[PDB]
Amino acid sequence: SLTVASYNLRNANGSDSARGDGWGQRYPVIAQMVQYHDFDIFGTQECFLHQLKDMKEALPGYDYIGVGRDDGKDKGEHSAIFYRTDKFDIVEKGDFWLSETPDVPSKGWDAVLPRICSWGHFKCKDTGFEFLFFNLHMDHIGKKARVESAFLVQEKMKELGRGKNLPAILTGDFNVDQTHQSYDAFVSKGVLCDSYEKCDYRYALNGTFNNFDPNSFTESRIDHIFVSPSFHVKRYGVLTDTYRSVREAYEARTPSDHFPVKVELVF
């Protein structure tokens, strides 16, 4: 019934631009995808502020929440959440760091960089249905930080209902795949389920990371959408959409180095 997504948009850098995967070329395609596949609300990873402004401008009808992970204002990568303003209101929103001091910009446990989870308390403008939407990007080095981040996020899921026990959706780039201990940490308490396992219908012609290679295949999934067990998950899809650029013959290009994960859930 409603469509949610998780999409790592890939931080802008000159090195991509050089290889022909520049942000300026990708982002217009990303935005088209968001509009065509009708994402109602989606978590993004890796955007600098200027990337968020580009996307906001390409997406009339959408707004976003979430602060920079470096200083909690505008600096650094965001775990930004985009949403259609005609479908959802924000009741409350916030951000916490994946660390022992979640309230402030900080690194956690054995991680090498600061990591942020951003969240919204949303209300469906049509049906009044209310829910929590979380979105994060995990550390690549800190294995303990990833396991602890999972328990931390689940604690936050109990604290943030504003008085209710709200159902939760959690998107993100979890860095390691479904065979890891941090994945099991998310699903082991009965508090969240993997959309991939729970969906009525599953369309998955690939895993989620592609490395800007249009010919890659993996069974690994490092981008997940986890939902409270009370959600009906009607459909799960990996979108393998590609655009083309003139070679130096055209060649296939991925809009990001991940594929988006699209989930349809009943509200």
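Note that residue numbering follows the sequence shown and begins at 1.
Asks: Can you count, per the entry, how many deposited residues between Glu248 and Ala249 come without coordinates? Answer none, 1 to 3, 4 to 9, or 10 or more.
Replies: In the deposited sequence, 10 or more residues between these two have no coordinates.
Asks: Take the C-alpha B-factors listed in the entry for 66 to 74 and for 204 to 212, compute each mean, and give the stretch with the larger one.
Replies: The entry gives the higher C-alpha B-factor average to 66 to 74.
Asks: Out of 227 to 235 and 29 to 37, which one has CA B-factors that are higher on average in the deposited record?
Replies: Higher of the two, by average CA B-factor, is 227 to 235.
Asks: Which one, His180, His137, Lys123, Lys144, has the peak C-alpha temperature factor per the PDB entry?
Replies: Comparing C-alpha B-factors across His180, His137, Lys123, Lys144, the top value belongs to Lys144.
Asks: Sorting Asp103, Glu130, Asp173, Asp194 by Cα temperature factor from the record, which one lands on top?
Replies: Checking the PDB record, the top C-alpha B-factor among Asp103, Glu130, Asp173, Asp194 is at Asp103.
Asks: Rank-wise, by C-alpha B-factor, drop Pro60 into the lowest, middle or highest third of its chain.
Replies: Ranked within chain, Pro60 CA B lands in the highest tercile.
Asks: Would you check the entry's CA temperature factor for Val153 and let me know if it's in the chain's lowest, middle or highest third?
Replies: Middle third, going by the recorded CA B-factors of the chain.
Asks: For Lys53, return the chain-relative third of its C-alpha B-factor as stated in the PDB record: lowest, middle or highest.
Replies: Answer is middle: the recorded C-alpha B-factor places it there.
Asks: Per the entry's values, where does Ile169 land by CA temperature factor relative to the rest of its chain, in the lowest, middle or highest third?
Replies: It belongs to the lowest third of the chain when residues are ordered by C-alpha B-factor.
Asks: By the recorded C-alpha temperature factor, relative to the other modelled residues in its chain, which third is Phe186 in?
Replies: Its C-alpha B-factor, which the entry lists for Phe186, ranks in the middle third among residues of this chain.
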